[PDB]
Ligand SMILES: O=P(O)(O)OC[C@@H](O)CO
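In the form deposited without SN-glycerol-1-phosphate, a lone chain appears below as structure tokens.
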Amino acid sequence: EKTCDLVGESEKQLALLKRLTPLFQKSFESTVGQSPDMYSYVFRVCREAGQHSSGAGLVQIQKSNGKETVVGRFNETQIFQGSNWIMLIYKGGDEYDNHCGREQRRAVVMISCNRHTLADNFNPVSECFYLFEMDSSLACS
């Protein structure tokens, strides 16, 4: 019954967490790259993404063989709300092998207000920083 664990205990962030509950059971996926280097990014809200990555909230899957690399874990979550957007952050991903000071990967998902959908249009923006975006009326105010 594990959900998001806030990095630190902002109640403003806990309320934000309850506001996104409607997305907890949805699964977001997007595939970029081209054969044979196609990678599938699967993202979940406060639930585990991927098939072999316990605690991962967003994983990168090599389409060729299904090898999973954790980008972020929902047990190290941060969440902020702007005028018409919500920023979700998952820390504690797998460390880089020979890049970025070999630091733990991290996922940043920019959820934009879209009054015409509860959830949709998830995709990576630019892949020491993994940026993604998606639309949701939940990020509307």
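When you see a residue number, it is the position in the sequence shown, counting from 1.
Another form, the form deposited with SN-glycerol-1-phosphate bound, is not on view; read the next lines as being about it.
Check: Taking 4.5 angstroms as the cut-off for heavy atoms, does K26 touch SN-glycerol-1-phosphate in the entry with it bound?
Finding: Yes.
Check: Going by a heavy atom distance of 4.5 Å, is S10 a contact of SN-glycerol-1-phosphate in the entry with it bound?
Finding: Heavy-atom contact with SN-glycerol-1-phosphate at 4.5 Å: absent for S10.
Next item on the list: Indicate whether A119 is a 4.5 Å heavy atom neighbour of SN-glycerol-1-phosphate in the entry with it bound.
Entry: Judged by the heavy-atom cut-off of 4.5 Å, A119 is in contact with SN-glycerol-1-phosphate in the entry with it bound.
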